[PDB]
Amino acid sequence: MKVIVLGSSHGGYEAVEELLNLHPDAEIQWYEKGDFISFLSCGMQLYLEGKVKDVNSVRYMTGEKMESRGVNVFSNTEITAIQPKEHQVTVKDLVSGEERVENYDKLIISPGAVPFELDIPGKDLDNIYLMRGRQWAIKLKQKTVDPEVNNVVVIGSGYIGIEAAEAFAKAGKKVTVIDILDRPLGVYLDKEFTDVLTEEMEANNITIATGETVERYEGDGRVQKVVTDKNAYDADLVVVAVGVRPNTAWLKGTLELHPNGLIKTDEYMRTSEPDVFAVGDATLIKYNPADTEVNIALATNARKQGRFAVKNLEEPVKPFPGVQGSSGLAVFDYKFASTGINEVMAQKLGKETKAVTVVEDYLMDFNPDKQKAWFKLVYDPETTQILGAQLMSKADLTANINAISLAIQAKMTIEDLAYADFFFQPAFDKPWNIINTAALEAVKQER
């Protein structure tokens, strides 16, 4: 059986791992058009703040290691096209120019996403940077110590935007963050969490310019101004972190795509064409909070999907169990995490929800180590089933979001969580811990 896997990032890497322990026998070929196998873009923040010195160590596999295992790795080799009927791909060696056609029995593709750019006048004067992959990591690092860079503008206040904003603010620059939405991180967190994080960011001289539409970049040769409908901001560097678009235009006509470019797949990772599976940022995933499919471009999703595509390689035998959209991040002193439905997700999906927010010290009164924690529990008004949660504190309480993710998946209710057995010891929590306390509040509100 010869299996060709496209992509060395998180979806293609786990497909090779599951092929190694489920079909040890197979002939596996692993292709990467880039020069570096399995660079972890997720570690970009740790590197930019100097926690990690070596950019080449921010990775989880090397080609040499996979080759010890019998996989054939082809870096600097691009898959140009798929011929689904004749079970062939045409590959181009990017260092010599040599094209060749390679045959396969099964193809798993994890082509990923690419940074979306604003296509406006000024579109590319120099020093308008993107944030994905090794090369942009190195270039962004160089600008961190550049004495000529004083004003940084980042466009987009979602996860990548707020990570570029914190790394440049910590390096000493003046940062302005621009978004069309009205709250930084609104996609992930609700108003009661983002009001506290706006304060923290402004305390570290980050200006949040929300509710603004960038119209053009101005400058001679390199960027100098970012002008929006309401304002112009001086900029020596712009980082554009406005979201991701699927890397699938080369597949138009070959595989069925949704209108937005995402690949159509079913719950066994099968595409519209026999023997080719698709995984990762370029696909939709079963979203259990709302029993629908959603694009949730996260590494955890891509890794799980990549393994489930190998499970259904020969027979659709194992449907994907679905995910709740869990994500977390530290912004300056705050460590937060959310899962399931928040206000922006419920609006998008037309889901009506109820919520309680509890803000109080997570340790008992006499304990001097006590700090505030914010916990919001979102539930269904009819069944009172758990639909999502958001938590934040300067203490790390984020592993608790993992218990809520299981509670959404098992369809538990506010009453289940009000009395669920979570340990008490006064150096770690209160006798009704953070999940128990918010669920007890929801029970009273529905009494």
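Don't overthink the numbering: it's just position in the shown sequence, from 1.
Asks: On mean C-alpha B-factor from the PDB entry, just flag whether 168 to 176 or 217 to 225 is the higher one.
Replies: In the deposited entry, the stretch with the higher C-alpha B-factor mean is 217 to 225.
Asks: 260 to 268 versus 300 to 308: which one carries the higher mean Cα B factor per the record?
Replies: Per the PDB entry, the higher value belongs to 260 to 268.
Asks: Considering only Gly280, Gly253, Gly325, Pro321, which residue's Cα atom bears the greatest B-factor as recorded?
Replies: Comparing C-alpha B-factors across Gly280, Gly253, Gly325, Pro321, the top value belongs to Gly253.
Asks: Name the residue from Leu94, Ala373, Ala241, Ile109 with the greatest C-alpha temperature factor listed in the entry.
Replies: Answer for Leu94, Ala373, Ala241, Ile109: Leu94, with the highest C-alpha B-factor.
Asks: Compare the C-alpha B factor of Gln385 with those of the other modelled residues in its chain, then answer lowest, middle or highest third.
Replies: Tercile = middle for this residue's CA B-factor.
Asks: Quick check for you: using the entry's CA B-factors within this chain, is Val5 in the lowest, middle or highest third?
Replies: Its C-alpha B-factor belongs to the lowest third of this chain's values.
Asks: Going by the recorded CA B-factors, say which third of the chain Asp119 sits in, lowest, middle or highest.
Replies: Answer is highest: the recorded C-alpha B-factor places it there.
Asks: Could you tell me which third, lowest, middle or highest, the C-alpha B-factor of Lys348 occupies within its chain?
Replies: For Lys348, the deposited C-alpha B-factor lands in the highest third.
Asks: Taking the values exactly as deposited, rank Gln45 by C-alpha B-factor within its chain and report the matching third: lowest, middle or highest.
Replies: Its C-alpha B-factor, which the entry lists for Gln45, ranks in the middle third among residues of this chain.
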